[PDB]
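Structural overview for review
Spelled out from the first residue to the last, the chains are:
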Amino acid sequence: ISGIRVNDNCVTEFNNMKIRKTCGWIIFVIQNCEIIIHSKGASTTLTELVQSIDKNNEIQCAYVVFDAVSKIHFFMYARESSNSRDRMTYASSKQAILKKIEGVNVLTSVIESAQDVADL
(Lines give C-alpha, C1' and ligand atoms only; values in the text may rest on other atoms or scores of the structure.)
Protein backbone atom coordinates (compact mmCIF):
# COMPACT_ATOMS: atom_id res chain seq x y z
CA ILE A 1 0.00 0.00 0.00
CA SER A 2 1.60 3.24 -1.22
CA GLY A 3 -1.00 5.49 0.34
CA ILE A 4 -1.29 7.04 -3.13
CA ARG A 5 -4.24 6.28 -5.42
CA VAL A 6 -5.11 7.27 -9.01
CA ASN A 7 -8.29 9.33 -9.25
CA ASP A 8 -10.64 7.65 -11.75
CA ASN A 9 -11.04 11.00 -13.47
CA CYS A 10 -7.43 10.75 -14.69
CA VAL A 11 -8.43 7.70 -16.72
CA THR A 12 -11.76 9.15 -17.83
CA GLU A 13 -10.08 12.23 -19.25
CA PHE A 14 -7.08 10.37 -20.69
CA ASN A 15 -9.58 8.20 -22.57
CA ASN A 16 -11.52 11.30 -23.61
CA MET A 17 -8.27 12.64 -25.13
CA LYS A 18 -7.31 9.35 -26.72
CA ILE A 19 -10.71 8.95 -28.42
CA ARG A 20 -10.85 12.60 -29.59
CA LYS A 21 -7.88 12.01 -31.96
CA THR A 22 -6.74 15.62 -31.84
CA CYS A 23 -3.41 16.94 -30.56
CA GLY A 24 -3.77 17.44 -26.82
CA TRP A 25 -2.24 17.02 -23.39
CA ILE A 26 -2.89 16.37 -19.72
CA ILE A 27 -0.75 17.26 -16.73
CA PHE A 28 -1.16 15.05 -13.60
CA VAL A 29 0.06 15.90 -10.11
CA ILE A 30 -0.15 14.28 -6.69
CA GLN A 31 -2.39 16.04 -4.20
CA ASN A 32 -3.65 14.77 -0.84
CA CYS A 33 -2.24 11.31 -1.61
CA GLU A 34 -3.90 10.88 -5.00
CA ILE A 35 -2.88 11.41 -8.58
CA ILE A 36 -5.24 13.97 -10.10
CA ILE A 37 -5.54 16.17 -13.16
CA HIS A 38 -3.78 19.50 -12.83
CA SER A 39 -4.82 20.80 -16.23
CA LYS A 40 -5.60 19.59 -19.76
CA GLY A 41 -5.82 21.21 -23.16
CA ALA A 42 -5.21 21.34 -26.91
CA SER A 43 -1.59 21.27 -28.01
CA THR A 44 0.57 23.76 -29.84
CA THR A 45 4.00 22.11 -29.45
CA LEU A 46 5.45 19.85 -26.77
CA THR A 47 8.18 22.48 -26.16
CA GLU A 48 5.55 25.21 -25.49
CA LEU A 49 3.70 22.93 -23.08
CA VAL A 50 6.85 22.29 -21.06
CA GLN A 51 7.74 26.00 -21.21
CA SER A 52 4.38 26.76 -19.59
CA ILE A 53 5.10 24.22 -16.90
CA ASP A 54 8.58 25.70 -16.33
CA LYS A 55 6.90 29.06 -15.66
CA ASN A 56 4.63 27.71 -12.92
CA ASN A 57 6.89 27.19 -9.89
CA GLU A 58 4.03 25.46 -8.01
CA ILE A 59 4.50 22.50 -10.30
CA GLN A 60 7.60 20.93 -8.84
CA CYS A 61 6.99 17.50 -10.32
CA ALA A 62 4.30 16.13 -12.60
CA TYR A 63 3.30 13.41 -15.03
CA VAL A 64 2.66 14.69 -18.51
CA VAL A 65 0.88 13.05 -21.40
CA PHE A 66 1.17 14.55 -24.86
CA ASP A 67 -1.20 13.11 -27.45
CA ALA A 68 0.39 13.64 -30.87
CA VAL A 69 -2.29 11.42 -32.49
CA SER A 70 0.35 9.30 -34.23
CA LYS A 71 1.52 8.39 -30.72
CA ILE A 72 0.78 9.43 -27.14
CA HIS A 73 3.90 10.26 -25.11
CA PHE A 74 4.31 10.11 -21.35
CA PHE A 75 7.02 11.53 -19.14
CA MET A 76 7.79 12.53 -15.59
CA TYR A 77 8.69 16.18 -15.13
CA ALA A 78 10.76 17.41 -12.22
CA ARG A 79 12.45 20.80 -12.24
CA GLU A 80 16.11 21.13 -11.27
CA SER A 81 15.08 23.04 -8.15
CA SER A 82 12.65 20.30 -7.06
CA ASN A 83 13.40 18.49 -3.80
CA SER A 84 14.68 14.91 -3.80
CA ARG A 85 11.85 13.56 -1.62
CA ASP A 86 9.18 14.89 -3.98
CA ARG A 87 11.00 13.38 -6.95
CA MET A 88 11.13 9.99 -5.22
CA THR A 89 7.38 10.15 -4.47
CA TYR A 90 6.63 10.78 -8.17
CA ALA A 91 9.16 8.25 -9.47
CA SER A 92 7.73 5.65 -7.08
CA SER A 93 4.15 6.34 -8.16
CA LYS A 94 4.97 6.41 -11.87
CA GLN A 95 3.96 2.79 -12.44
CA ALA A 96 0.56 3.36 -10.82
CA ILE A 97 -0.47 5.95 -13.36
CA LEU A 98 1.06 3.96 -16.24
CA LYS A 99 -1.16 0.95 -15.49
CA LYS A 100 -4.29 2.89 -16.68
CA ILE A 101 -2.68 4.44 -19.75
CA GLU A 102 -0.74 1.44 -21.04
CA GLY A 103 0.14 1.93 -24.72
CA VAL A 104 1.81 5.32 -24.40
CA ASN A 105 5.39 5.94 -25.48
CA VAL A 106 7.21 6.42 -22.20
CA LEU A 107 10.33 8.55 -21.95
CA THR A 108 12.40 6.90 -19.24
CA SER A 109 14.42 9.98 -18.28
CA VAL A 110 12.97 12.67 -16.04
CA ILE A 111 12.38 15.87 -18.01
CA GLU A 112 13.74 18.87 -16.10
CA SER A 113 12.94 21.75 -18.43
CA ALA A 114 11.66 22.63 -21.90
CA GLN A 115 15.26 22.43 -23.11
CA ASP A 116 15.19 18.68 -22.67
CA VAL A 117 12.34 18.22 -25.11
CA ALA A 118 13.19 21.09 -27.42
CA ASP A 119 15.19 18.63 -29.61
CA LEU A 120 13.36 15.41 -28.81
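Residues numbered from 1 in each chain as written, not as in the entry; some residues may be left out. Heavy atoms only, no water. Residues with missing side-chain atoms left out of burial classes, pairs and counts.

- As recorded in the entry header, the structure was determined using X-ray crystallography to a resolution of 1.600 Å.

- Going by what the PDB entry lists, the protein chain is known as Cofilin/actin-depolymerizing factor homolog 1 and is assigned to Plasmodium falciparum.
- Its official PDB title, as written in the record, is "Crystal Structure of an Actin Depolymerizing Factor".
- Recorded in UniProt under Function, the annotation for the protein chain is "Not involved in actin polymerisation, instead functions to stimulate nucleotide exchange on monomeric actin and influence turnover of the small amount of cytosolic actin microfilaments. Essential for erythrocytic schizogony."
- Its UniProt record gives the protein chain a comment under Subunit, which states: "Interacts with monomeric actin, does not bind to actin polymers." (UniProt positions renumbered as here; feature names shortened; annotations may be inferred.)

1. A look at the packing of aromatic side chains
- Summed over all chains, the structure comprises two aromatic pairs.
- Between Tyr 63 and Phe 74, the aromatic rings sit 5.9 Å apart at their centres with planes inclined by 25°, giving stacked as the arrangement. Taken as a pair, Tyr 63 in strand β4 (residues 61-67) and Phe 74 in strand β5 (residues 72-78) lie far apart in primary sequence, 11 residues in all. You'll find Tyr 63 and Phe 74 in the same group, each marked buried.
- Summarising the aromatic geometry, the rings of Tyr 63 and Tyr 90 are spaced 5.3 Å apart at their centres and angled 45° between planes, so their arrangement reads as tilted. Pair noted here: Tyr 63 is in strand β4 and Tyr 90 is in helix α3 (residues 84-98), with a separation of 27 residues, a long-range link.
- Accessibility expressed as a relative area gives 9% for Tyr 90, which makes it buried. (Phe/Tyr/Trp six-rings, centres within 6.5 Å; stacked < 30°, edge-to-face > 60°. Helix = DSSP H or I, 4+ residues; strand = E, 2+ residues; numbered from the N terminus. Buried < 20%, exposed > 50% of the residue type's maximum accessible area, 1.4 Å probe, protein only.)

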